[PDB]
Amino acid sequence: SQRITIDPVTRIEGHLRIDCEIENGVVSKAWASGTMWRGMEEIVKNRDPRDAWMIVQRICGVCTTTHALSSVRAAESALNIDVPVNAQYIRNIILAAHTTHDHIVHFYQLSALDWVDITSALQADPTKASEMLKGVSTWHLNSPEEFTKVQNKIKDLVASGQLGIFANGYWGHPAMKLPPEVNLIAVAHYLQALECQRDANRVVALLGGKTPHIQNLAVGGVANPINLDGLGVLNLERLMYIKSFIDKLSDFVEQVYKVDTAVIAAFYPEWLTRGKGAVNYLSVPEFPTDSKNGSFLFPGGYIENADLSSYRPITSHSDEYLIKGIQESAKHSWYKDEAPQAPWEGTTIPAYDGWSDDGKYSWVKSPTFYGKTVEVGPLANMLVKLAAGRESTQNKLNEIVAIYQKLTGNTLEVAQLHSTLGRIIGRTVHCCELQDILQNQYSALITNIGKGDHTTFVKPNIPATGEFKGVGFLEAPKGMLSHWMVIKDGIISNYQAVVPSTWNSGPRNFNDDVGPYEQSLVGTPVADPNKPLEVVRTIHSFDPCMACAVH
């Protein structure tokens, strides 16, 4: 038996430490630790409610857009503002295109090198690699010639003796199971992914004014000026340009990312039987389409004890059942006030005292829902959509399972989705369904402007007396996000962000109950405790973001 530390965990956003006790070659106990704090909730306090979004967007530059959108929704909640529908379409296109970038980069740039051995790709036959994908994908860049060019770039990098960020990786590890050909395919797709994600961010930029960190929001709607006949504003030529980039995303997502997700499952089927983090799941509905902050394209809900049949739907961002259940504890976190706190009454008082296994060991708070630990993010999101009987989600999951079936002769049941690979699958399903969101909301915007509605902004009034509480929910790439604003005497008197990586990465809670990251690791086989690849495989499945978790 022994104690290891993984610090830093790389190929995540931000600063994470993972500790594990290993007994009889399996993880018996784990600690997740966020090691950097900025105090973004304190920095935004005492300001005008309208200023918060520009400041709190800087909680995170990977999930850029998300904290900006949650912040304006929180102020709108407090102030009772109905957002114009054109502003919802624009916000929705931004969030959907951003999330497409976000998931693609997670699967390829952040996660693939846990499963892919680049050295082994040097042994591949590019023609056999291409042959393996016949009747598996229709993607137009799987030729032997593409794969030979990619193999030659690997060859040249290795030949230079400057491996840089590819150096001292887990090449030949016994947990690396792909054949040489499948390693080479994955590296070719890693490089191709960078083009697709770039196109997704061109959609974001044309509405946001740049990315990272969009600049087109306002409490009350958006700053885009809709005028089909206007010079220098959001006219039909600009909208056509946006559409030209929306149209470029689908083929890579459907013919490369979706197919690779099935192929990794086919080669790593034991990873459908480990990495369960929780038995409870939460998602919020997303992409509102009416004039009153509702009519969501994607549904939300709460699953308890993995029972999809008795889940509780959530159809509103004003749902009092959702609002009243959420608390955070700092018993095992470096803050002073330890009892569970509702976020409108939250404090964030730093109290660093160093690492203690049974005491405080993280800057991440411990969120609960009516006292229970909950997993958020794509696994939650997918399971709630399946519980809701959403045919689009059923159908998209079935496409991944059919590729898995063709490759293995085996099927995938919902029980197998509560796992490291199920989590990855939920993320891919989300990315695929978001391409329909983009087409839907582009069309809705064009149609609405054609009816003569160019409205985008409702100027707020903020009473100079009174105390007003608002909450902004958002289904972010990593899961349910909420920003909680209290307004008193016209300024922010409290601001609390409860972020999806807070839910998943948070340490042991007030009742010493274990959060999703720490739970997911129990039972992980570790072949080589000095090179604990298996632990990082499960942790990456959650897409950690520690700027998000801690803020």
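Note that residue numbering begins at 1 and tracks the sequence as displayed.
Annotation for 434 to 442 versus 151 to 159: the higher mean temperature factor (C-alpha) is found in 151 to 159. The PDB entry reports B-factors from which the mean C-alpha value can be compared for 165 to 173 and 416 to 424; the larger average falls on 165 to 173. Highest CA B-factor among the listed residues (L407, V256, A75, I242): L407. Out of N293, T211, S366, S356, it is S356 whose C-alpha atom has the highest B-factor in the PDB entry. When the modelled residues of the chain are ordered by C-alpha B-factor, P477 sits in the lowest third. Among all modelled residues in this chain, the alpha-carbon of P500 has a temperature factor (C-alpha) in the lowest third. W271: CA B factor lies in the highest third for its chain, per the PDB record. For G490, the recorded CA temperature factor ranks within the middle third of the chain's modelled residues. Per-chain ranking of the deposited C-alpha B factor places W53 in the lowest third.
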